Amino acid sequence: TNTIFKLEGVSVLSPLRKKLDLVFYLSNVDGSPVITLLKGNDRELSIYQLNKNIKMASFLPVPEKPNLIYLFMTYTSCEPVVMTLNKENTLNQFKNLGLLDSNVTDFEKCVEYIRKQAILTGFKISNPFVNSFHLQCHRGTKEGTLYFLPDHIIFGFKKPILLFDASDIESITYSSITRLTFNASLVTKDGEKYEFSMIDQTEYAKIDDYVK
């Protein structure tokens, strides 16, 4: 058929918080890649011409929840997307759609499949954690996750979600050194300042090396 694959009951956090069905198909008009989140039979979100409107996309680990994984993507025109995939469910479905062998146990297989289908349609989804790392910190009062990717830093996923180009970092300065943690402040080349607090001190080495 027209659809390449379909995951049901993916949990979306952004740009809305709601359990939906993800469909990845090619337009019947010009055979272009398309991603749509629908609630049953209603289009809650669509991103057309994915091979053109996708700024970046990748799978990101969910902290302390190995059976879950994030799909994060930023786009241009709609009609950042963040949704958790259940690894087990996604495995059972991909098998039940003949997309993977019934013997396959590893979830990396599901990821590998999706990565390929993405490329065949003309865009790329990353898998940085297959050097990348992530940690917990606070922004003001709200806890969150810093993901250090090869070319990007992400802060997710309470609104607002922050996405830095590693190339766009001017400075980092450390303060508030307690017996367990420290604070760090990213200054972009544009002069914007962002401060992250309550960073475990074991993370200093990886962070400072990343920025240097």
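Residue numbers here begin at 1 and follow the sequence given.
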(message) Quick check on the record: how many residues from the deposited sequence are absent from the model between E79 and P80 (none, 1 to 3, 4 to 9, 10 or more)?
(response) 4 to 9
(request) Count, per the entry, the deposited residues between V130 and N131 that are not modelled, and return the matching class: none, 1 to 3, 4 to 9, or 10 or more. (result) 10 or more
(request) Report the stretch with the higher mean CA temperature factor, choosing between 70-78 and 132-140 on the basis of the entry. (result) 70-78
(request) Read off the CA B-factors in the entry, average them over 170-178 and over 38-46, and name the higher stretch. (result) 38-46
(request) Select lowest, middle or highest to describe the third in which the CA B-factor of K95 falls within its chain in this entry. (result) highest
(request) Determine, from the deposited record, the chain-internal third of the Cα B-factor for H152: lowest, middle or highest. (result) lowest
(request) Pull the Cα B-factor of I114 out of the PDB entry and bin it into the chain's lowest, middle or highest third. (result) lowest
(request) Compare the C-alpha B factor of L120 with those of the other modelled residues in its chain, then answer lowest, middle or highest third. (result) highest
(request) Taking the chain's C-alpha temperature factors as the reference, tell me which third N86 falls into: lowest, middle or highest. (result) lowest
